[PDB]
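To start, the structure itself, in structure tokens.
FYI, it's all coordinate maths here, none of it is from the lab. As a convention, Cβ positions derive from the backbone with ideal geometry for all residues, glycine included, and neighbour counts pool all protein chains shown.
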Amino acid sequence: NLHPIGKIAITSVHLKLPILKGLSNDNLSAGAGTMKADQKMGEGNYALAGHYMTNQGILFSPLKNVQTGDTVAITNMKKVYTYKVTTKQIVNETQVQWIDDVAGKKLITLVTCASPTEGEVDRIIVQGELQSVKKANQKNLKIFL
């Protein structure tokens, strides 16, 4: 009953998760939560956060293995938005500007803890630039199966 609004896939690290609205603890434990109220796929800077791991095991920790040039795809089941990773950084939690819209860019920004340890102050940031928007047909949706 979290009601996913989409899905994210990063084939390079075998990540496939629901996208959920907002950063509730439940959302962050189940998938990628939207970091801003008003963001839209394929527009501005689409920001998503998830826990590094849960009780069960890994969640967003595979971000640590994502490299520049990797593709990240999201869908709302209407269109598929494919982004190409332009940076991966470990930053301090205070660097909130990473999720801000950037004039003349269409970005995705993925955020998780730098580690599972108590009171971790650092975050893994994976950011990418929109490469394509395609109709959510069988061919383009396959990667989300």
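If you take the square roots of the eigenvalues of the alpha-carbon gyration tensor of region 1-70 and sort them as a ≥ b ≥ c, do you get rounded (a/c under 1.5), prolate (a/b over b/c) or oblate?
Because a/c hits 1.5 or more and a/b fails to exceed b/c, region 1-70 counts as oblate.
How large is the dipole of region 1-132 about the Cα centre if only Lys and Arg carry +1 and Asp and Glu carry -1, each at its Cβ, rounded to the nearest 20 debye? In debye, rounded to 20, region 1-132 gives about 560. Each helix, a run of at least 4 DSSP H residues, gives -39500 (n - 2.57); summed and divided by the residues of the chain, these come to -1500 deg cm²/dmol at 222 nm. With the highest mean first, a sort of the peptides 31-43, 73-85 on other beta-carbon atoms found within 10 angstrom per residue produces 73-85, 31-43.
Positive-end ranking of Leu59, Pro18, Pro116 along the dipole of the chain, with charges on Cβ about the Cα centre, is headed by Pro18. Based on every Cα atom in region 18-114, Rg and the maximum pairwise Cα distance Dmax equal 12.9, 40 Å.
Counting only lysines at least 8 places from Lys84 when in the same chain, those with an alpha carbon closer than 22 Å to its own are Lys7, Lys16, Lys36, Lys40, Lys64, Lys105, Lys106, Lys134, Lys135, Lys139, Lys142. Given their separation in residues at 0.36 nm each and the Cα-Cα distance between them, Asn55 and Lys79 gain 5.4 nm when the chain is fully extended.
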